[PDB]
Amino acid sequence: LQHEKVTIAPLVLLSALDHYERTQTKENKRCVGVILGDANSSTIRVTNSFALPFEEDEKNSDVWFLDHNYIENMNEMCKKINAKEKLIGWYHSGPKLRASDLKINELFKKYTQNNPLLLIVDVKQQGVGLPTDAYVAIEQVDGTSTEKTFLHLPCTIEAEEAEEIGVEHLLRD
(Lines of atoms letter the chains of each structure in order from A and count residues from 1; the text may use other names and numbers.)
(Lines give C-alpha, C1' and ligand atoms only; values in the text may rest on other atoms or scores of the structure.)
Protein backbone atom coordinates (compact mmCIF):
# COMPACT_ATOMS: atom_id res chain seq x y z
CA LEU A 1 0.00 0.00 0.00
CA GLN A 2 3.09 2.17 0.50
CA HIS A 3 4.77 3.54 -2.61
CA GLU A 4 8.52 3.78 -2.20
CA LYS A 5 10.03 4.58 -5.60
CA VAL A 6 9.20 5.70 -9.13
CA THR A 7 10.52 4.70 -12.55
CA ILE A 8 9.96 6.94 -15.58
CA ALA A 9 10.19 6.20 -19.32
CA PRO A 10 12.20 8.74 -21.38
CA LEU A 11 9.13 9.29 -23.55
CA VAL A 12 7.24 10.84 -20.61
CA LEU A 13 9.94 13.47 -20.09
CA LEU A 14 10.11 14.25 -23.83
CA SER A 15 6.30 14.49 -23.95
CA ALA A 16 6.29 16.96 -21.07
CA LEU A 17 8.92 19.06 -22.85
CA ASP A 18 6.98 18.94 -26.13
CA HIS A 19 3.83 20.00 -24.29
CA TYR A 20 5.68 22.91 -22.66
CA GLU A 21 7.22 24.04 -25.93
CA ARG A 22 4.16 23.65 -28.15
CA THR A 23 1.99 25.74 -25.80
CA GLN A 24 4.64 28.49 -25.74
CA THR A 25 4.86 28.32 -21.96
CA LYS A 26 7.33 30.87 -20.61
CA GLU A 27 8.08 33.02 -17.56
CA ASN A 28 6.51 31.67 -14.37
CA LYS A 29 3.81 29.76 -16.23
CA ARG A 30 3.57 25.98 -16.14
CA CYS A 31 1.92 23.32 -18.24
CA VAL A 32 -0.03 20.48 -16.63
CA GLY A 33 -1.03 17.00 -17.73
CA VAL A 34 -1.82 13.36 -16.86
CA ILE A 35 0.62 10.48 -16.34
CA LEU A 36 -0.22 6.85 -17.07
CA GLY A 37 1.34 3.55 -16.07
CA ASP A 38 1.03 1.19 -13.10
CA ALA A 39 0.94 2.17 -9.41
CA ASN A 40 -0.32 -1.06 -7.82
CA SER A 41 3.11 -2.00 -6.38
CA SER A 42 5.68 -0.17 -4.25
CA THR A 43 7.46 0.92 -7.44
CA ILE A 44 5.29 3.23 -9.53
CA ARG A 45 5.98 2.79 -13.24
CA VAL A 46 5.32 5.93 -15.28
CA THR A 47 5.16 4.99 -18.96
CA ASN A 48 2.93 7.51 -20.77
CA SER A 49 1.30 10.92 -20.46
CA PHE A 50 -0.94 13.43 -22.13
CA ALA A 51 -1.39 17.21 -21.97
CA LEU A 52 -4.30 18.96 -20.22
CA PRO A 53 -5.91 22.31 -20.90
CA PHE A 54 -5.10 24.21 -17.72
CA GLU A 55 -5.35 27.82 -16.65
CA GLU A 56 -4.39 29.39 -13.35
CA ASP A 57 -4.37 32.96 -12.15
CA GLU A 58 -1.05 34.74 -12.15
CA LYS A 59 -1.11 35.79 -8.52
CA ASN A 60 -4.01 34.17 -6.77
CA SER A 61 -2.87 30.58 -6.43
CA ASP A 62 -6.46 29.74 -5.44
CA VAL A 63 -7.84 30.42 -8.95
CA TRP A 64 -7.22 27.50 -11.30
CA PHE A 65 -9.28 25.43 -13.73
CA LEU A 66 -8.84 21.86 -15.01
CA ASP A 67 -11.26 20.35 -17.52
CA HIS A 68 -12.73 17.21 -15.95
CA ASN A 69 -14.33 16.30 -19.28
CA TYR A 70 -10.98 16.45 -21.10
CA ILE A 71 -9.38 14.11 -18.55
CA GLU A 72 -12.16 11.57 -19.02
CA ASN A 73 -12.47 11.86 -22.80
CA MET A 74 -8.73 11.49 -23.39
CA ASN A 75 -8.23 8.72 -20.83
CA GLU A 76 -10.95 6.71 -22.59
CA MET A 77 -9.09 7.03 -25.88
CA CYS A 78 -5.91 5.88 -24.13
CA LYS A 79 -7.89 2.94 -22.74
CA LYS A 80 -8.80 1.87 -26.27
CA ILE A 81 -5.10 1.82 -27.21
CA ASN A 82 -3.55 0.19 -24.13
CA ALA A 83 -5.74 -0.81 -21.21
CA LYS A 84 -2.70 -1.71 -19.07
CA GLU A 85 -1.56 1.95 -18.85
CA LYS A 86 -3.86 3.27 -16.13
CA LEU A 87 -4.26 6.87 -15.05
CA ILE A 88 -1.87 7.07 -12.08
CA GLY A 89 -1.54 10.82 -11.46
CA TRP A 90 -0.45 14.07 -13.02
CA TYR A 91 2.58 16.16 -14.00
CA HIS A 92 3.53 19.79 -14.30
CA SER A 93 6.57 21.71 -15.49
CA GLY A 94 7.42 23.24 -12.10
CA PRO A 95 10.27 23.70 -11.61
CA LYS A 96 9.05 23.35 -7.99
CA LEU A 97 5.95 22.50 -5.98
CA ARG A 98 3.27 25.18 -6.17
CA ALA A 99 0.83 26.29 -3.49
CA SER A 100 -2.19 24.84 -5.30
CA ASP A 101 -0.67 21.40 -5.88
CA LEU A 102 -2.27 19.63 -2.90
CA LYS A 103 -5.76 20.77 -3.97
CA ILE A 104 -5.16 19.88 -7.63
CA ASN A 105 -3.93 16.47 -6.45
CA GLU A 106 -7.27 15.94 -4.68
CA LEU A 107 -8.98 16.23 -8.07
CA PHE A 108 -6.89 13.40 -9.47
CA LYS A 109 -7.67 11.19 -6.47
CA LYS A 110 -11.07 10.62 -8.09
CA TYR A 111 -9.46 9.15 -11.23
CA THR A 112 -6.69 6.94 -9.83
CA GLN A 113 -6.87 3.42 -8.44
CA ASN A 114 -4.13 4.23 -5.91
CA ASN A 115 -2.76 7.33 -4.19
CA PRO A 116 -1.95 9.70 -7.10
CA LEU A 117 1.60 10.50 -8.13
CA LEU A 118 2.66 14.06 -8.95
CA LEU A 119 5.66 14.28 -11.27
CA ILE A 120 7.37 17.66 -11.58
CA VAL A 121 9.41 17.75 -14.79
CA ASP A 122 11.99 20.51 -14.99
CA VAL A 123 11.89 21.24 -18.72
CA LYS A 124 14.41 24.05 -18.22
CA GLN A 125 17.01 21.60 -16.92
CA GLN A 126 20.62 22.83 -16.66
CA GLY A 127 22.66 19.73 -15.77
CA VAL A 128 22.18 18.54 -12.26
CA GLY A 129 20.78 14.95 -12.34
CA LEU A 130 17.30 13.76 -13.34
CA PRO A 131 14.98 16.67 -14.20
CA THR A 132 12.21 15.15 -12.09
CA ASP A 133 10.77 15.30 -8.59
CA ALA A 134 8.08 12.76 -7.65
CA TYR A 135 5.54 13.25 -4.85
CA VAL A 136 2.60 11.50 -3.22
CA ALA A 137 0.25 13.10 -0.70
CA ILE A 138 0.40 11.85 2.91
CA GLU A 139 -0.86 12.88 6.32
CA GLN A 140 1.94 14.32 8.45
CA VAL A 141 1.62 14.46 12.23
CA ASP A 142 3.75 18.66 18.00
CA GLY A 143 1.98 15.31 17.83
CA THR A 144 -1.67 16.25 18.35
CA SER A 145 -3.08 16.32 14.79
CA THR A 146 -2.14 15.65 11.18
CA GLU A 147 -1.95 17.75 8.03
CA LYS A 148 -1.75 16.75 4.39
CA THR A 149 1.64 17.26 2.76
CA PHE A 150 3.71 15.89 -0.10
CA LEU A 151 6.34 13.18 0.35
CA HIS A 152 9.26 13.13 -2.10
CA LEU A 153 9.94 9.73 -3.69
CA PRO A 154 13.15 8.76 -5.51
CA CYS A 155 13.01 8.41 -9.30
CA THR A 156 15.06 6.47 -11.81
CA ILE A 157 14.77 6.13 -15.58
CA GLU A 158 13.59 2.80 -16.96
CA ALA A 159 13.21 2.29 -20.71
CA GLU A 160 11.57 -0.56 -22.54
CA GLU A 161 14.06 -2.31 -24.83
CA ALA A 162 12.93 -0.84 -28.17
CA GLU A 163 12.45 2.62 -26.63
CA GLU A 164 16.01 2.48 -25.30
CA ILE A 165 17.29 1.77 -28.81
CA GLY A 166 15.08 4.63 -29.99
CA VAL A 167 16.83 6.98 -27.58
CA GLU A 168 20.27 5.81 -28.69
CA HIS A 169 19.22 6.16 -32.34
CA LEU A 170 18.14 9.77 -31.72
CA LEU A 171 21.38 10.53 -29.87
CA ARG A 172 23.46 9.12 -32.75
CA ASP A 173 21.48 11.19 -35.25
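All residue numbers refer to positions in the sequence shown, first residue = 1.
The deposited sequence places 1 to 3 unmodelled residues between residue 141 and residue 142.
For the two regions 15-23 and 146-154, the entry's Cα B-factors average higher over 146-154. In this entry, 52-60 shows the higher mean Cα temperature factor of the pair 109-117 and 52-60.
Ranking 34, 128, 46, 136 by Cα temperature factor from the entry places 128 first. When the modelled residues of the chain are ordered by C-alpha B-factor, residue 83 sits in the highest third.
Residue 168 sits in the lowest third of its chain by CA B factor, as recorded in the PDB entry. The entry lists a Cα temperature factor for residue 100 that places it in the highest third of the chain's modelled residues. Residue-level temperature factors show residue 9 in the lowest third of its chain, judged at the C-alpha atom.
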